[PDB]
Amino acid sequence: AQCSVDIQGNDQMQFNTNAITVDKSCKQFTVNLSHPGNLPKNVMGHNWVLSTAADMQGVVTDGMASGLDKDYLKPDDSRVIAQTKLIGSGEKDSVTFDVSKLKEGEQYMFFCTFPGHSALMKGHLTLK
């Protein structure tokens, strides 16, 4: 099986995919995020964050108010299933999470929580 995905967030404020399917046969799933652009974190930072679709907007909004030093995420936010750190040009980061934290039937979203980025940098995740 394939229990991981490789994703890029670039200088044009885009992810290079908008759809991830997590095989039910996986015990854990891994996201490897990279930044092939030239701009630094404080002006084009990207992270990869996972939540219910219903929870995305709250997570995005409290993330902005938490600020850059908190990688634009509410500390210990109950809504966040999994997250990478915030990265800039030429950096990379991975995160692994337990597939047990998901629920067949629920709708999940992945997104970047850098202010304004989720209007473009978002997509759907679902178990297969």
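A residue's number is simply how far along the shown sequence it sits, counting from 1.
- Relative to its counterpart among 9 to 17 and 116 to 124, 9 to 17 has the higher mean temperature factor, C-alpha atoms as listed in the PDB entry.
- Note on 99 to 107 vs 57 to 65: mean CA B-factor is higher in 99 to 107.
- Take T30, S34, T84, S78 and read off each C-alpha B-factor from the entry; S78 has the highest.
- Looking at the C-alpha B-factors along this chain, the one for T52 belongs to the middle third.
- Compared with the other modelled residues of the chain, the Cα B-factor recorded for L73 ranks in the middle third.
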